[PDB]
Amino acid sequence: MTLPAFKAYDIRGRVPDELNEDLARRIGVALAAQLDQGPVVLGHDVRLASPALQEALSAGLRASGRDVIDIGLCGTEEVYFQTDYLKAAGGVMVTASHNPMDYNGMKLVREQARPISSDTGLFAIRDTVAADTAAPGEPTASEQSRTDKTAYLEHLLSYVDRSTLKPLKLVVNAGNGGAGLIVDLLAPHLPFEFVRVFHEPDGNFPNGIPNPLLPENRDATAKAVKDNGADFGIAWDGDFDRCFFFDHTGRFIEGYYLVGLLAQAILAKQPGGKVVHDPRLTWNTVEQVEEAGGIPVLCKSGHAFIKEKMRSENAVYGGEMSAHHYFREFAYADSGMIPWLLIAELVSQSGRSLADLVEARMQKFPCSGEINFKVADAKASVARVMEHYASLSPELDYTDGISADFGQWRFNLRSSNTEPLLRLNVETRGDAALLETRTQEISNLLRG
């Protein structure tokens, strides 16, 4: 009874039965009715169908009197940046990010790149598109091509003092997504020596779909770091709004620890600022933010919640453990580029390896990583967990599912808003043994 491609935060589906040019044009028409006055920025990723879906979007938008600013093949963050920079009414990125070959999708924003989500306009668009049987009208507005990335590149470079950068050797792995175009445009302005892996955009994805979380894709970056003696490695998803770090030993760094690391990096430039973090893994971030003189602000996980809380708090930075990093001056939006520029500067200025910058934090606050469970009855499973631990009287917080703080250890257990899954995160106060026994205990209870 409902179009399956319309999800909580974006549109995503198999082409062509769940998403196609006709739906894309109808989405353009419906989006025009939902935005304030102004033109609409469109960009797309490397997938084979993405240009044609963008063209259909543009045709619907222009049939509805919206001028279209075509920024071309880009990363999702460039749609965010240009929507805000050009003071557009909104923007759409055509992308499936990390999904398989036969999938595509769209990420929609309104003014200042504010997200459009299921409860803030996306399901309104879905319902309009679902009932729209009108004949396609003809264009009454224009499309302008604006592929200049100069303002975007200057904005990225403004986060670091380039005279303090050292000629680090960096592995970069675009995964045949789009990140390599931006790296290559930044490189004339940077002293780094880049080691390029899976660098060329290829929507056929000959080296695997761009998802650095798959261990086999992870190992391509690790090996390049180790074989070339690189200072660290960076990998991106296909639309490069997520970045992933490998230290000089080839070790993939759990994203939890990048939140505290980037917060300290930013707070050095913006003293006393607020930093937004999610509730899944917290202790390390709270401590690092406070030690840097910042103020940590707890917020439900999900990019729309993070961005809204950052805005209401004038927070300079927000970070999620799931490799999303948000920057006030970047229209409160996430970037897969700003994070590694900041880390490169921190390594250059401190004389410490990425490994040593996080090592003590990982020992002090070891974490399970996010563990997902598909169970027969999520509500019953969660109840089994809470009944088992009731006699210990944990401190409970319901910001985002259930957070339970036992003193020396804590967990977060929540339902995903994008998949029918339970997600589990556990951390402890410097106790790897406790981390494992509690994680396994909860896992058995969930699976019971």
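In this text, residue numbers run from 1 along the sequence as written. Rigid core: the largest C-alpha set superposing within 1.5 Å between the two forms.
Going by root mean square C-alpha distance after a core fit, say whether 420-428 or 19-27 is farther from the shown form in 6 other deposited structures of this protein. More C-alpha displacement in 6 other deposited structures of this protein shows up in 420-428.
Comparing 209-217 with 162-170, which has the greater mean CA B-factor as deposited? 209-217 has the higher mean C-alpha B-factor.
Identify the stretch, either 175-183 or 371-379, whose C-alpha atoms have the larger mean B-factor according to the entry. 371-379 has the higher mean C-alpha B-factor.
Out of 105, 271, 366, 72, highest CA B-factor residue: Checking the PDB record, the top C-alpha B-factor among 105, 271, 366, 72 is at 271.
Quick one: which of 284, 145, 314, 301 shows the highest Cα temperature factor in the PDB entry? Result of the comparison over 284, 145, 314, 301: 145.
Taking the C-alpha B-factors as the PDB entry records them, is residue 424 in the lowest, middle or highest third of its chain? Its C-alpha B-factor, which the entry lists for residue 424, ranks in the lowest third among residues of this chain.
According to the PDB entry, is the CA B factor of residue 17 in the bottom, middle or top third of its chain, that is, lowest, middle or highest? CA B-factor rank for residue 17: highest third.
Sorting the chain's CA B-factors, does residue 446 end up in the lowest, middle or highest third? Middle third.
Position of residue 410 among the chain's modelled residues by C-alpha B-factor, lowest, middle or highest third: For residue 410, whose C-alpha B-factor we compare with every modelled residue in the chain, the answer is the lowest third.
Lowest, middle or highest third: where is residue 192 by Cα B-factor in its chain? It falls in the bottom third of the chain.
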